[PDB]
Amino acid sequence: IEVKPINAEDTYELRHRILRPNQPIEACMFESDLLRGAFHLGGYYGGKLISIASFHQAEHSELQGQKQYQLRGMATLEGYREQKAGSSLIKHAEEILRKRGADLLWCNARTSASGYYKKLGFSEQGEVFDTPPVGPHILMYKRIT
Ligand SMILES: CC(C)(COP(=O)(O)OP(=O)(O)OC[C@H]1O[C@@H](n2cnc3c(N)ncnc32)[C@H](O)[C@@H]1OP(=O)(O)O)[C@@H](O)C(=O)NCCC(=O)NCCSO
């Protein structure tokens, strides 16, 4: 897997295909892409973008740490999962975040992906909640100090 910077617009196709296929493409144009300091990473394999992840500064009222970042749009294409594409994006992002002085990385994780974030050292906080129309989510976080 090769991890490279990508632009926000480069994420829409895979966000749409993997995360939100039953909504218009506009549902994948996350407003948070337009928040200060947002950045995006792609994982490439055999000449194809196959994994994506997006990060921006956002301090969650319920997590402790002066500077926090949120992960959105975490997805790897079927056929290319279980290759450490996702893990590679997260580790690369952790370097960028640590260099920026961020204290923690959090996600409103799909409960179906909770084991993935667990393997990457995230913890669950609070209770499972629903996010229309994309189902059960749970707050998860990793302290990176
Ligand atoms: C969740 C994921 C992004 C994972 O991507 P990946 O590239 O396959 O991850 P990876 O780095 O190869 O996997 C890392 C580890 O977690 C495990 N893992 C991956 N997906 C998992 C899941 N859904 N549940 C539990 N464990 C998982 C892998 O088996 C691997 O474990 P080992 O090291 O023990 O073999 C991908 O399966 C996916 O896109 N799923 C559908 C969309 C989704 O749910 N995205 C997350 C939304 S959170 O807001």
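Residues: numbered from 1 along the sequence shown. The analysis underlying the following values was restricted to heavy atoms, covering all of them including side chains, and did not include hydrogens, waters or symmetry mates.
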Shortest non-hydrogen contact between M74 and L19, atoms and distance: O-CD2, 3.8 Å
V3 with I52, same ILVMFWY side-chain cluster at under 4.5 Å: no
Modelled atom types, side-chain donor and acceptor of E59 and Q57, under 3.5 Å: yes
Whether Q68 side chain and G65 backbone form a donor-acceptor pair below 3.5 Å: yes
Heavy-atom side-chain proximity of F55 to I90 below 4.5 angstrom: yes
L89-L97 co-clustered via ILVMFWY side chain contacts under 4.5 Å: yes
Where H56 and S32 come nearest, the two heavy atoms and their spacing: CE1-CB, 3.4 Å
Spacing of NE2 belonging to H40 relative to CG belonging to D33, to within rounding of 0.5 Å: 4.5 Å
Sub-4.5 Å side-chain heavy-atom contact between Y12 and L14: no
Backbone of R81 reached by a side-chain donor or acceptor of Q83 within 3.5 Å: yes
Heavy-atom side-chain contact between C107 and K142 under 4.5 Å: no
Distance (rounded to the nearest 0.5 Å) between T111 OG1 and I138 CD1: 8.0 Å
Residue pair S114 / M140: nearest heavy atoms and the distance that separates them: O-CE, 3.7 Å
Closest heavy-atom pair and its distance - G86, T76: N-OG1, 4.0 Å
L71 and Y117, any side-chain heavy atoms less than 4.5 Å apart: yes
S54 to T11 - nearest heavy-atom pair and separation: OG-CG2, 4.0 Å
Neighbour count >12 (heavy atoms, 6.0 Å) for atom CD, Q64: no
Results of ring pair (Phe, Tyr, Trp, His ring centres under 6.0 Å) for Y80 - residues two or more places apart only: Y45
Close side-chain approach of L63 and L139, heavy atoms under 4.5 Å: yes
More than 12 heavy atoms from other groups under 6.0 Å of CZ on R98: yes
Donor-acceptor under 3.5 Å (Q125 side chain, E62 main chain): yes
Minimal non-hydrogen separation, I6 against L41, with atom names: CD1-O, 3.4 Å
Aromatic plane relationship, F39 with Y69 - under 30° parallel, 30 to 60° tilted, over 60° perpendicular: tilted
Over 12 non-hydrogen atoms of neighbours within 6.0 angstrom of CD in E13: no
Euclidean distance, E82 CD relative to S87 OG, rounded to 0.5 Å: 9.0 Å
Nearest-0.5 Å distance, CD1 of residue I18 to CG of residue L77: 5.0 Å
Heavy-atom check, side chain of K118 versus side chain of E124, under 4.5 Å: yes
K67 NZ: over 12 foreign heavy atoms closer than 6.0 Å: yes
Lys/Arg N to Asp/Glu carboxylate O, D10 vs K4, below 4.0 Å: no
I144 with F122, same ILVMFWY side-chain cluster at under 4.5 Å: yes
Steps toward side-chain contact (heavy atoms from CB on, under 4.5 Å) verdict (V134, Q23): CA-CA 10 Å; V134 290; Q23 287 176 282; 4.2 Å; yes
Euclidean distance, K91 NZ relative to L120 CG, rounded to 0.5 Å: 5.5 Å
